[PDB]
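All remarks here apply to the structure that follows.
Worth knowing before you read on, the calculation uses all heavy atoms, side chains too, and leaves out hydrogens, waters and symmetry mates. Every chain is numbered from 1 and lettered A, B, ... according to where its sequence line falls, protein lines coming before strand lines.
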Amino acid sequence: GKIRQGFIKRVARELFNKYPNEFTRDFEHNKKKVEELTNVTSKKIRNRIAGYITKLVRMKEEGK
Amino acid sequence: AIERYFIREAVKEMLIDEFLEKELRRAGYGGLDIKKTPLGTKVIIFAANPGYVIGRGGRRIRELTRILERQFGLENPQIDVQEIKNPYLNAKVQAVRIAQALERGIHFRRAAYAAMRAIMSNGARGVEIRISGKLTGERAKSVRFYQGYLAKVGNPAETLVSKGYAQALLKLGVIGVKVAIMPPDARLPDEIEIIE
Amino acid sequence: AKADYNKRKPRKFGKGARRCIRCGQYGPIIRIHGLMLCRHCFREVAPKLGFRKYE
Amino acid sequence: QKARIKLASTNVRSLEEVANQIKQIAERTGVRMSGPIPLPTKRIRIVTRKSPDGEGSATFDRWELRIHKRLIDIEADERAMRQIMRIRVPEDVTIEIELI
RNA sequence: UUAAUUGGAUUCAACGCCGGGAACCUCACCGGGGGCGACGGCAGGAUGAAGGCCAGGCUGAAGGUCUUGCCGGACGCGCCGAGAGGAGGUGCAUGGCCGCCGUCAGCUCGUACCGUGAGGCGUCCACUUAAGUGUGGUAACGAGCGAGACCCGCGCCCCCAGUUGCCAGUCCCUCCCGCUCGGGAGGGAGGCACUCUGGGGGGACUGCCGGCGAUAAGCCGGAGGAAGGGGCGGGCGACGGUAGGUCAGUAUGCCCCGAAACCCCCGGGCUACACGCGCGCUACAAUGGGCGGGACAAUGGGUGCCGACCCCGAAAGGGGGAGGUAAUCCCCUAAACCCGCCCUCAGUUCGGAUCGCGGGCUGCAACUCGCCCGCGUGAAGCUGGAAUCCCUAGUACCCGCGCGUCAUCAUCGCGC
Ligand SMILES: [Mg+2]
Ligand SMILES: [Mg+2]
Ligand SMILES: [Mg+2]
Ligand SMILES: [Mg+2]
Ligand SMILES: [Mg+2]
Ligand SMILES: [Mg+2]
Ligand SMILES: [Mg+2]
Ligand SMILES: [Mg+2]
Ligand SMILES: [Mg+2]
Ligand SMILES: [Mg+2]
Ligand SMILES: [Mg+2]
Ligand SMILES: [Mg+2]
Ligand SMILES: [Mg+2]
Ligand SMILES: [Mg+2]
Ligand SMILES: [Zn+2]
């Protein structure tokens, strides 16, 4: 099953609140921003975080 | 060919290290290093009691050099003795110390707690100690002491944690001691930091 | 002479011509690339020699 | 009038450091050097039974040792030859030089 | 059964297992022959201890012992303690390691609260997941180890690198064909295009679209894509239990032998054979057998070694011997497959067990007890009762090859 991991969600929520006006609904832009704003080194973890952040943006923009 | 050269050197170090570990037990032996120079071989030995290694003004260093050159294949050896860098972060040293403490006659709980307290005081993320043998009776038993953070399964546990093992020879038989320590600078894969 | 009744013949082939350099056992000796070690002794000293279990 | 240098080590990083040092030595002088050629890696693989006795299911260990290699060709210039003759390699790298 | 046929393991989890393919050795068994007591002391000892030898008997053979006399100079098992050594007992005295429950989802802690107490709660309920994996509700609120994350390899693209790897385009020389308009093959220059080798990087995230579910966690179906939902294959096995196996790999307590249960040498045995069982190989034929001819690999290994190339021999083999410490030289022009001819449903041109004669190789030694070759001989077997095993994709079936063991020997293990 594709169950998101706990620390991925935690760090994604932390990043979203710190810089709300920094991420869009585009995967590439979020990927670059996550790369620059943290010390993550695994290319897989970066993609997971960027995907969850994209979902968060599109969800809050809709207003839940 | 070339492979035979690499393997030949690796065996010499293993044999020498085992011999020294068995020989310099009371001096707190903590590893060695071998360097090759055009004049010969520089052999550095790490220990906690360099006086025991030197042995009252030589008479022991000369014997060690002679043994190394004759019994083993070292050419023109030269032995230097130094001090262990981080004695409380080396699992082998702590295991041997606990074994010696047991051989003296201390109850194993006191020895284990003293060792854990010292190691955690010197700034280690986690430690685990396991003692097995005929403790308090003729039916064997195993006990485990633990505190802190410690990885056990996976690649990080292979490359970050330091492990050591030792035997304690008492009157009734042998007692096995295992020690595992995690250094303060170890970082797990899921420890990510936000750049401010 | 009396000491001649204790020396062994210097064999050059067969199971009796090779012993583990660490424990002295005959039999399962690994002869690859010049190693002379038992299958028992090689397992517990392999990491020191630089071998690893990648897969 | 050309020298051939062979490098081999069990650690890739040290090999890269030595190769980069030789490359920079050649760069700081007027001398042509064919790039470091990567030769195939040596793998030494040993498979052993795990248990000391013969009881139970049979399981095996697969130990592996890897040896990396590089090749570098450079023309014999005494001004540049002395520098590479004095560079110090780590103890886990083997170097051999010959003139062709 | 025997002089001995050494020992361990008996459901899964004993029985091509102990890396166990034992001619000597290995060796632990059987027959026989020799040798060994640091260190203390007791008899003894230069008027020479302890020790060693030419020839010849005993002997399987032996200055082992004796006969016969020649050596050497300081210790002394004839005696008492003690010791080395022990594949001798105990895995139900232990350490370390390994199998199984099980790569299953479990095992706990701080404070609070409930119960007189053993204990309980969290760890429960609904949905979901490969997972105590998650989302909501909850006298619980939060943490740790395990799972995941992590490490190695495979498949797609980009940069750098060009030898010992690669040869397409361009030039030169030589030789063949349908006589050369054209088409091939070598060699030299020359190049890094392509393949390959190995460092760095990109790429996939339920990211996009439509449904179900709660609007959450997620699930189902599509687009593009080399790759789609742990992308595929491996490594890593928590707290504990199993008095599970191992003291016959090594370490080690206790008990035993301690001039034999220690150390050497020769010859036997582990290879016996009315019989029961496990795992396999070869067949019972045409979805074939034989003969001649034609095609295409990969992994690994080599100086106590791999050996191209020439000569001799019908074969197995024999005599010289370049190159190779190896991307350079060698092992190394696989088989199943394809084409033509003979056999035509038969115990046969199926099957090749068993035995006779002869020729070889390794080795100090081939009878017990090794492997190879030529001619001859030609057993059971014509598809298998009740039962029962393995396997979901480059997988299963079929076909060969490499390495380990190894002087010689592979119906085996691990890989291709
Ligand atoms: Mg076998
Ligand atoms: Mg045999
Ligand atoms: Mg024998
Ligand atoms: Mg109460
Ligand atoms: Mg309950
Ligand atoms: Mg969990
Ligand atoms: Mg895992
Ligand atoms: Mg047991
Ligand atoms: Mg038992
Ligand atoms: Mg047998
Ligand atoms: Mg038997
Ligand atoms: Mg036939
Ligand atoms: Mg015979
Ligand atoms: Mg028939
Ligand atoms: Zn061994």
> Is E:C337 paired to anything, Watson-Crick or G-U wobble with both distances less than 3.5 Å, and if yes, which nucleotide?
Replying inline: E:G294
> When we call it a touch if two heavy atoms are under 4.0 Å apart, what does B:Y165 touch: a base, just sugar-phosphate, or nothing?
Replying inline: sugar-phosphate
>> Heavy atoms only, 4.0 Å cut-off, all strands: where does B:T159 land among base, sugar-phosphate and nothing?
In response: nothing
>> Given E:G162, E:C208, E:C265, identify the nucleotide with an atom nearest to the side chain of C:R8.
In response: E:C265
> Just checking B:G154: base, sugar-phosphate only, or nothing, at a heavy-atom cut-off of under 4.0 Å?
Replying inline: base
>> Without decimals, in angstroms, what is the distance between D:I72 CD1 and E:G162 P?
In response: 11 Å
> When you check the phosphate oxygens OP1 and OP2 of E:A216, does a side-chain N or O of A:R4 lie under 4.0 Å from one of them?
Replying inline: no
> Along nucleotides 244-253 of chain E, 5' to 3', which nucleotides get a B, which get an S, and which get a -, given that the test is a protein heavy-atom distance under 4.0 Å?
Replying inline: BBS--B-BSS
> What's the CG-P distance between D:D61 and E:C97, to the nearest Å?
Replying inline: 13 Å
>> Over all strands shown, is A:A50 touching base, sugar-phosphate only, or nothing at heavy-atom distances under 4.0 angstrom?
In response: nothing
>> Can you see if the side chain of D:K23 gets near the phosphate of E:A161 - specifically, an N or O under 4.0 Å from OP1 or OP2?
In response: no
>> Using a heavy-atom cut-off of 4.0 Å across all strands, would you classify D:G56 as base, sugar-phosphate, or nothing?
In response: sugar-phosphate
> When all nucleic acid strands are considered with a 4.0 Å heavy-atom cut-off, which category describes C:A1: base, sugar-phosphate, or nothing?
Replying inline: sugar-phosphate
>> From CG of D:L7 over to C1' of E:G198, roughly how many Å is that when rounded to an integer?
In response: 14 Å
>> Starting the side chain at C-beta, find the nucleotide from E:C265, E:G198, E:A62 nearest to C:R11.
In response: E:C265
>> Any base atoms under 4.0 Å from A:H29, or only sugar-phosphate, or nothing? Heavy atoms, all strands.
In response: nothing
>> Measuring from the side chain of B:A1 (C-beta onward, heavy atoms only), which nucleotide among E:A407, E:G304, E:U325 has the closest atom?
In response: E:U325
> Separation of A:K55 atom NZ from E:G218 atom P, in whole Å?
Replying inline: 8 Å
> Does a side-chain N or O from B:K141 land closer than 4.0 Å to OP1 or OP2 of E:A243, or not?
Replying inline: no
>> So A:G1, base contact, sugar-phosphate only, or nothing? Heavy-atom distance under 4.0 Å.
In response: base
> Under 4.0 Å: is that the gap between some side-chain N or O of B:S132 and OP1 or OP2 of E:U94?
Replying inline: no
>> At 4.0 Å (heavy atoms only), tell me whether B:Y5 reaches a base, stays on the sugar-phosphate, or touches nothing.
In response: nothing
> Given the P atoms of E:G280 and E:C15, what is the spacing between them in whole Å?
Replying inline: 13 Å
>> Could you check whether the side chain of D:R49 and the base of E:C18 have a donor-acceptor pair of N or O atoms closer than 3.5 Å, going by distance alone?
In response: no
> Counting only Watson-Crick or G-U wobble pairs whose two distances fall under 3.5 Å, which nucleotide matches E:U242?
Replying inline: E:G99
> With a non-hydrogen cut-off below 4.0 angstrom, is A:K64 in contact with a base, only sugar-phosphate, or nothing?
Replying inline: base
>> Taking only side-chain N and O atoms of D:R66, does any of them lie within less than 4.0 angstrom of OP1 or OP2 on E:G153?
In response: yes
> D:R45 has an atom CZ; how far is it from atom P of E:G402, in whole Å?
Replying inline: 18 Å
> Quick one: which of E:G302, E:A204, E:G240 gets closest to the side chain of A:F27?
Replying inline: E:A204
> When rounded to the nearest Å, what value does the distance between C1' atoms of E:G300 and E:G402 take?
Replying inline: 5 Å
> When you measure from the side chain of D:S57, which nucleotide among E:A93, E:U328, E:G99 comes out closest?
Replying inline: E:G99
> Does A:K31 have a side-chain nitrogen or oxygen under 4.0 Å from the phosphate oxygens OP1 or OP2 of E:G203?
Replying inline: yes
>> Taking any heavy-atom pair under 4.0 Å as a contact, classify C:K7: base, sugar-phosphate, or nothing.
In response: sugar-phosphate
>> My understanding is that a pair needs two contacts under 3.5 Å, Watson-Crick or G-U wobble. By that rule, which nucleotide pairs with E:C156?
In response: E:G202
>> Students often get this wrong, so: under 4.0 angstrom with heavy atoms, is B:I2 touching a base, only sugar-phosphate, or nothing?
In response: sugar-phosphate
>> Under 4.0 Å, counting only non-hydrogen atoms across every strand here, what does D:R62 touch: a base, just sugar-phosphate, or nothing?
In response: sugar-phosphate
